[PDB]
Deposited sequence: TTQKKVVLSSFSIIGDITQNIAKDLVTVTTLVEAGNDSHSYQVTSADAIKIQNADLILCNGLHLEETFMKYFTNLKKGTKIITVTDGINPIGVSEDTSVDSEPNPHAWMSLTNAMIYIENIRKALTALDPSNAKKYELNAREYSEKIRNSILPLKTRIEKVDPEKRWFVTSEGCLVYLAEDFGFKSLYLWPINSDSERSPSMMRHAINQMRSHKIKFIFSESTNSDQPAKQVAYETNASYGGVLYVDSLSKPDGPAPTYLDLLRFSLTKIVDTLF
C-alpha cells in the first residue's frame, strides 16, 4: 500500500477525500501547529522516508523545512499542489501562501492531487477520478451558497479585513478588497495603514485567526470604531471536536462567519 505524505493538515484532508484509503495518507504539520513555526522531529523523518509521494503547498509555505525533504526514498517526488494558481505577493515579492482560501482554488488543489495520485497509482485511476469529482461537488454544494449570499454585499462594504493576510486569494476569487496587519504569521506601519484604510472606507469589522493573537485586531477595532469580528479558521484544521476538523468544514466555517458579519 502506497504512502502519501502531505505537508500540513489542509492538504492531508483533501488527499484523504480523493484517495479514500486506496493509499495511506500521512501529515507532517499536524492540526494545531502552523507551518510558519514547525520543528521537524525524528519521528517526522520516518514519515518522510516512508513517503512514496510528498504533497506540498508551495508558495513558500514549507520554506523553513524543505531541507528535511532530502535523502528520500528512490523515486519519491515532491508535488506542489498549487501548480496553476497565479501567486499573489506579500508586498514584486515573496508569494502569499494562503491559496486554499478560495472556491476556485479548492478545485485546483483537488485536481493537482487527483493527477499526482493517479500517476503514483495508475491502476486506481477510475477511483481517484470518481472520488475527485464527488469531493469537488461536495465542496461546491457547501460553499457556493455562501459565495452567492456574499456577492449581494453593497460594493463599498466589499472588504475582508483580518490580522494575517490569510484571505487575499478569497478576495481575488469573490471580487473583494483585502486589508490586514501582516502578510504571514508584524510591523507598526502596516498597523497604521490598516487603521487609516479602515477609517477612510468606514470598514465595520476586523477578524483574527485561530493560530494567532486576537489583541492586534481588537486594538485596531478600537482605534477605528470598528467591531472585532471574532476568530476565523485559515492556517490549520481545528482539533476533531473543534468547528473546522476538515478542509470543507474550515471553508464553510470561515466563510459563514464572514458572510454573517457583512450582513
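Within the chain's deposited sequence, the coordinate-free stretches run 1 to 3, 95 to 99, 194 to 197 in sequence order.
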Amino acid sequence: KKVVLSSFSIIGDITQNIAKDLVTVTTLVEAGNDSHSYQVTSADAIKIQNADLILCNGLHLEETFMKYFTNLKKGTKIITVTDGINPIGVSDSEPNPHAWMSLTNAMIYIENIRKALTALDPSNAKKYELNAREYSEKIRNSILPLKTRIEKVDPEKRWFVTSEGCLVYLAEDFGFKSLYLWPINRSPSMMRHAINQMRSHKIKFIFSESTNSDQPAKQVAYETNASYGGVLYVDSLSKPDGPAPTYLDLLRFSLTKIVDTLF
From here on, numbers count along this sequence of modelled residues.
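Higher mean CA temperature factor between 125 to 133 and 70 to 78: 70 to 78, per the PDB entry.
Higher mean CA temperature factor, per the PDB entry, when comparing 148 to 156 with 163 to 171: 148 to 156. The PDB entry assigns the greatest CA B-factor among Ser236, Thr27, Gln215, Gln49 to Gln215.
Among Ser93, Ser102, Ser142, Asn112, the highest C-alpha B-factor recorded in the PDB entry belongs to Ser93. In the PDB entry, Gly12 places in the lowest third of its chain by CA B-factor. Among the modelled residues of the chain, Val3 sits in the lowest third by CA temperature factor in this PDB entry. Sort the chain's modelled residues by C-alpha temperature factor and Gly84 lands in the middle third, per the entry.
For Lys138, the recorded CA temperature factor ranks within the middle third of the chain's modelled residues. In the PDB entry, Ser208 places in the middle third of its chain by CA B-factor.
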